[PDB]
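Observations on the three-dimensional arrangement
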Amino acid sequence: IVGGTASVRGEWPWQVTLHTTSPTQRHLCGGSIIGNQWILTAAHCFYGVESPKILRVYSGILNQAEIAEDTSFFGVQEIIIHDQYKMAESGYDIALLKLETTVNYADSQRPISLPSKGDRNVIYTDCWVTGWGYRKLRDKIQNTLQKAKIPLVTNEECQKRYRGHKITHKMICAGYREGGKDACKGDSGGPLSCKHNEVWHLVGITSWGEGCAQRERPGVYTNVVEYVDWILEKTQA
Ligand SMILES: *[B@@]1(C2=[C][C]=C([C]([C][N]C([N])=[N])OC(=O)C3=[C][C]=[C]N=[C]3)[C]=[C]2)O[C][C]([C][O])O1
């Protein structure tokens, strides 16, 4: 997260830090708890991941320093990638992680409500992107969970900033026309949370962008509401 600040413990209880143990353990991507056994994240996070066995999900985490060899974690039983996904910039950058065990909710770890199709007309004015990603470019994973408030931008306006891409209705962008605040490497898969009527919604999933926090280069996120049907179908035993 570029241009953000340190988060408060338990402030983003749905945020998880997804790690890979190969070759040696490290943060790989962000993710959001959406069910007692489900994490919603980005599909491009699993490039090269041949098996869910090397994945480890950590919830109720603020600082990466909290994570040690003796720290409890959730194993991944199954990785579910949307069957139409090819690459982040093409859309369909969404994936589900079925945990080997159930998450016991608490103030430090609880789910985030998915957006309702009857909210597409709703205009979010209080959205934040969070993560342990780079603060600058060519940097490194941060210790403390960073947060940054970022206004959404219309797709028509986003399309203007990405003339070489096709910004579909399954994508949603956010950023300041002057840059400065934005998601960056390591923030992938994390949530874009908007607070509407005292309730938090998982509006988007950090997917891609051009560089980090550049002027006239809004971050691009998966438009979660466009996938509630997909999510139901895939999480229904
Ligand atoms: B992801 C991941 C997250 C962010 C980025 C960013 C784009 N973000 C944005 N502007 N909203 O791009 C870079 O940081 C970047 C791009 C090109 C050259 N240098 C840096 C990219 C990727 O987080 C984990 C990673 C795993 O695949 O994906």
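Conventions and cut-offs
Residues numbered from 1 in each chain as written, not as in the entry; some residues may be left out. Heavy atoms only, no water. Domains from an automatic or database assignment. Contact = heavy atoms within 4.5 Å. Buried area = accessible area lost by both parts, 1.4 Å probe. Salt bridge = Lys/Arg side-chain N within 4 Å of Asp/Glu carboxyl O. Pairing = 2+ DSSP bridges. Helix = DSSP H or I, 4+ residues; strand = E, 2+ residues; numbered from the N terminus. Buried < 20%, exposed > 50% of the residue type's maximum accessible area, 1.4 Å probe, protein only.

**Concerning the domain arrangement of the protein**
We note that the domain assignment places domain 1 (1–12 + 112–226) and domain 2 (13–111 + 227–237) within the protein. Tallying the contact residues gives 39 residues for domain 1 and 37 residues for domain 2. The contact between domain 1 and domain 2 buries some 3,000 Å² in all, and 59% of this surface belongs to carbon and sulfur atoms. On the surface where domain 1 and domain 2 come into contact, there are 2 salt bridges. We note a salt bridge from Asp 229 to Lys 117, for which the minimum N-O separation is 2.6 Å.

**What to know about the sheet that holds strand β14 (residues 219–223)**
Pairing within the open sheet is antiparallel, and its 8 strands lie in the order β1-β9-β8-β12-β13-β14-β11-β10. Every other strand in the sheet has two partners, leaving β1 (5–6) and β10 (152–153) as the edge strands with one partner each. Across 4 bridges, strand β8 (residues 127–131) lies against strand β9 (residues 146–149) in antiparallel orientation. Within β9, the residue paired with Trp 128 across the bridge is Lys 149.

**A short note on the pairing of β14**
Along β14, 5 of the 5 residues are buried, which leaves the element largely enclosed by surrounding structure. Note that strand β11 (residues 171–174) and β14 share 4 bridges and pair antiparallel. Directly across from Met 171, in β14, lies its bridge partner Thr 222. By the bridge criterion, 4 bridges tie strand β13 (residues 199–208) to β14 in an arrangement that is antiparallel. From the neighbouring strand, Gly 204 faces β14, where its bridge partner is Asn 223.

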